[PDB]
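**Q** According to the deposited numbering, the residues represented by the sequence shown are 32 to 67, 79 to 101, 121 to 211, 231 to 262, 287 to 322, 341 to 382, 403 to 482, 498 to 542, 554 to 593, 606 to 632, 654 to 685, 701 to 715, in order.
All residues carry an ideal CB built from backbone N, CA and C; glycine is no exception.
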Amino acid sequence: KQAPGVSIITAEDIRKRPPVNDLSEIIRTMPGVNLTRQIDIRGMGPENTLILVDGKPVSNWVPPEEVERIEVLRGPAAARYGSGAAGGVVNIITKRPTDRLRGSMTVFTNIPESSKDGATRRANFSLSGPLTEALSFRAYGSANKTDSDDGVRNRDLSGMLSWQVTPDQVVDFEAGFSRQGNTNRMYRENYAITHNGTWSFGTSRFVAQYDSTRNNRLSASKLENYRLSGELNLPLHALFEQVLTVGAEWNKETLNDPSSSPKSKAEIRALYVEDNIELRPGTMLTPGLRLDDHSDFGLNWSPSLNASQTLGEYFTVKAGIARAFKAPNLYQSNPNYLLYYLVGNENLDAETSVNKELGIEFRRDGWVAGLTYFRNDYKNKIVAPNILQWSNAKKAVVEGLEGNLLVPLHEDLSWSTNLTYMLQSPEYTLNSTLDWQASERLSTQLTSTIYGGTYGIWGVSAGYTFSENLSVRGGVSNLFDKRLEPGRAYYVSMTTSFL
Ligand SMILES: CCCCCCCC
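1) CA-CA distance, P99 and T67?
2) Whose C-alpha, out of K156, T302 and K468, is nearest the C-alpha of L715?
3) I believe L427 touches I419 by the beta-carbon criterion, under 8 Å. Please report the beta-carbon distance rounded to the nearest angstrom.
4) If you run the structure through DSSP and keep just helix, strand and coil, what is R59?
5) Using DSSP bridges, identify the partner residues of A705.
6) Between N373 and the rest of its own chain, which residues show a CB-CB distance below 6 Å, the 5 nearest in sequence each way excluded?
7) Between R532 and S189, what straight-line distance do the alpha-carbon atoms span, to the nearest angstrom?
8) On the DSSP letters alone, give me the boundaries of the alpha helix (DSSP H) that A42 sits inside.
9) What's the call for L622, buried or exposed, on a 16-neighbour Cβ count within 10 Å?
10) Look at the alpha carbon of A146 and the alpha carbon of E56, and state the distance between them as a whole number of angstroms.
11) Quick check on the burial criterion: 16 or more other C-beta atoms within 10 angstroms. Buried or exposed for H436?
12) Using DSSP with H/G/I as helix, E/B as strand and the rest coil, what is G143?
13) Under the assumption that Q249 contacts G202 (Cβ atoms under 8 Å), give the Cβ distance between them as a whole number of angstroms.
14) Answer yes or no: do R141 and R432 have a C-beta to C-beta separation smaller than 8 Å?
15) Could you have a look at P191 and say whether DSSP puts it in helix, strand or coil?
16) Consult DSSP for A469 and reduce its assignment to one of helix, strand or coil.
17) Report the partner residues of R318 according to the DSSP bridge assignment.
18) What distance in whole Å lies between the Cβ atoms of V251 and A296, which are believed to be in contact at a cut-off of 8 Å?
19) Exposed or buried, which one is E127 when buried takes at least 16 other CB atoms within 10 Å?
20) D615: which of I658, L587 and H578 sits nearest, CA to CA?
21) Give me the DSSP bridge partner(s) of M166.
22) Pull the bridge partners of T67 from the DSSP assignment, please.
23) In this structure, does DSSP put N90 in helix, strand or coil?
24) With DSSP run on the structure shown, which of helix, strand or coil describes residue 646?
25) Spatial neighbours of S406 within its chain, please: CB distance less than 6 Å, with the 5 preceding and 5 following residues excluded, ordered by chain position.
26) So, at 6 Å on beta carbons, what are the nonlocal neighbours of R183 in its own chain, with the 5 sequence-adjacent residues on each side left out?
27) Is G632 helix, strand or coil when you go by DSSP?
28) Tell me the rounded alpha-carbon separation between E254 and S672.
29) Would you decide whether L574 is buried or exposed? Buried here means 16 or more other CB atoms lie within 10 Å of its CB.
30) Report the three-state DSSP secondary structure of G136 (helix, strand or coil).
31) What is the DSSP secondary structure of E126, counted as helix, strand or coil?
32) For my contact list, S165 and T666 are in at a C-beta cut-off of 8 Å; report their separation, rounded to the angstrom.
33) Determine, using beta carbons only, whether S381 and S341 come nearer to each other than 8 Å.
34) May I ask you to report which of helix, strand or coil DSSP gives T624?
35) Pop quiz: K536 and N90 are said to be a contact at Cβ under 8 Å. What is the actual Cβ separation, rounded to whole angstroms?
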């Protein structure tokens with residue numbers, strides 16, 4: 032669940048700690064992740091956290126209760142994903158069509174104790190199952206209302241049709257929309297086709313994708347992405363046991379917005415090679431290189447080396463180093479667009510960064526303890542300083569510790585804490613959870629988050666499971682109503713399902 036540079040959140044994790052709005056509320060508890079309200083990894087800023095859904099990029122994403130696992134990748138091992146990934150990758154993984162029919166609903170409602178703060182109700186479903194020996198489907202969708210504190233609506237739906245062409249091949253057809261109101289409106293639609301083959305010589309995954317997004321204003343603007351993607355994984359035994367991965371991306375984004403020659407385009411080509419090599423049982427060496435060619439901005443090399451060595455049964459060491467970048471977007475690279498103003502800038506350079514990490518983990522008898530040092534050294538962060557202009561920031565450093573501790577206090581009691589500590593050119609967060617499996621069915625959390654001048658915020662949380670079909674969860678957040701961010705608030709959730 033925790034290792035160096037990488038964190039994993041489970042359905043069971045989310046299910047115990049229902050968010051109020053989006054998954055950022057849970058993802059921010061992972062080591063090296065803050066909200067600044080958008081996800082920020084290892085100090086690097088939001089614009090360098092990359093958000094994929096089933097490995098596909100996207101620019121509440123996914124109903125929490127529909128998420129199977131969230132994978133968080135930080136720092137060097139995340140360079141491979143290109144621009145937007147210098148701080149790392151959040152990868153949100155969904156539930157998938159199944160040989161048997163499957164429904165779930167969820168209702169959740171969070172009521173602030175202060176009427177100043179505004180209440181939330183959200184609501185979602187997932188249906189999945191077979192049609193045919195060769196066809197399977199899965200639909201999920203959500204509706205979300207959040208009153209204005211003295231509101232805002234979201235609706236999304238996404239469908240997947242899955243076709244088993246062969247026992248060794250699957251195509252996925254996907255499509256759906258998200259819509260948001262409150287005036288400010290946004291409508292987004294999405295199409296994808298996916299081929300996954302398992303072959304004698306390894307595996308393959310090709311992706312086509314289209315995204316539109318329209319935004320209305322208190341004038342309209344439309345954005346569209348085309349993507350193509352190929353990835354091979356070929357295990358080899360030559361010299362040493364290893365798994366060669368080869369991958370290519372092609373990417374077009376178009377923007378039309380007559381708040382400013404109203405159209406703007408950009409194409410992206412890339413190759414990457416990672417080779418994960420077993421030098422010896424217990425030692426992993428994993429070089430890789432990624433070429434990103436940008437239509438405005440030329441070429442960007444992102445070479446990386448990562449490695450791991452085991453130190454007996456109970457310890458492991460991990461280090462890596464990698465170059466990474468962020469290319470500017472169409473708003474920032476084009477002087478004709480003015481936002482309120499701030500102006501694009503045709504002579505912008507891409508942010509570059511050299512990200513280094515080194516960590517140890519201990520693991521024994523349900524005990525887990527990791528510490529990781531990181532240091533990122535980055536250049537031309539794009540930043541806003554009358555008519556202002558997007559600019560390149562001068563050099564900077566980030567450096568922290570990530571720690572993760574997990575302690576079984578008893579068979580059905582466990583204590584867990586997650587630490588993030590950085591200096592930039606000296607703050608820390610601590611996220612802790614005391615968990616009690618009182619019964620098979622009954623489950624209890626105390627949770628705290630401590631910022632550091655330092656201050657504290659504690660929640661309590663309870664859950665009961667009647668059956669496969671029904672379960673219930675309820676909780677107080679900000680127990681002690683610490684103010685001078702949200703006050704104390706009561707929430708309650710019900711999940712029905714017919715697996
Ligand atoms: C099944 C193909 C649907 C394509 C819709 C295109 C709308 C512009």
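**A** This is what the structure gives:
1) If I take the Cα positions, the gap works out to 21 Å.
2) Of the candidates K156, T302 and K468, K156 places its Cα closest to the Cα of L715.
3) With a Cβ gap of about 5 Å, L427 and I419 count as contacting.
4) Collapsing the DSSP output to three states places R59 in coil.
5) Bridge partners of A705: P173 and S678.
6) Taking C-beta separations shorter than 6 Å and ignoring five residues to either side along the sequence, the partners of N373 in its chain run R349 and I410, following chain order.
7) Rounded to whole angstroms, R532 to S189 spans 44 Å at the Cα level.
8) Its alpha helix (DSSP H) spans residues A42 to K47.
9) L622 should be labelled exposed.
10) It is roughly 20 Å from the alpha-carbon of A146 to the alpha-carbon of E56.
11) The Cβ neighbour count for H436, taken over all protein chains shown within 10 Å, is at least 16; the residue is labelled buried.
12) Coil at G143, not helix or strand.
13) Their Cβ separation, rounded to whole angstroms, is 28 Å, which puts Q249 and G202 out of contact at 8 Å.
14) Cβ distance < 8 Å, so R141 and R432 count as in contact.
15) Under the three-state reduction of DSSP output, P191 falls in the strand class.
16) Coil.
17) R318 is bridged to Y291 and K344.
18) Not quite, the Cβ-Cβ distance comes to about 11 Å (not below 8 Å), so this is no contact.
19) Within a 10 Å sphere around the beta-carbon of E127 sit 16 or more other beta-carbons, which makes this residue buried.
20) Nearest Cα to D615 within the set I658, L587 and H578: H578.
21) In the DSSP assignment, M166 is bridged to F186 and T712.
22) Beta-bridge partners of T67 (DSSP): none assigned.
23) Of the three classes helix, strand and coil, the one that applies to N90 here is helix, per DSSP.
24) Coordinates for residue 646 are absent, as the chain skips straight from 632 to 654.
25) So the list reads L377, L472 and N476, once near-sequence residues are dropped.
26) If we look at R183 and ignore the five residues flanking it on each side, its Cβ neighbours are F169 and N205.
27) In this structure, DSSP gives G632 a state outside helix and strand, which the three-state scheme calls coil.
28) In a straight line, the C-alpha of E254 is about 30 Å away from that of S672.
29) It is buried - the Cβ of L574 has at least 16 other Cβ atoms within 10 Å.
30) Note: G136 maps to helix in three-state DSSP.
31) It is helical.
32) So it is not a contact: roughly 13 Å between Cβ atoms.
33) Between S381 and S341, the C-beta gap is smaller than 8 Å, which places the two residues in contact.
34) Note: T624 maps to strand in three-state DSSP.
35) With 8 Å as the limit, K536 and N90 do not qualify as a contact, their Cβ atoms being about 13 Å apart.
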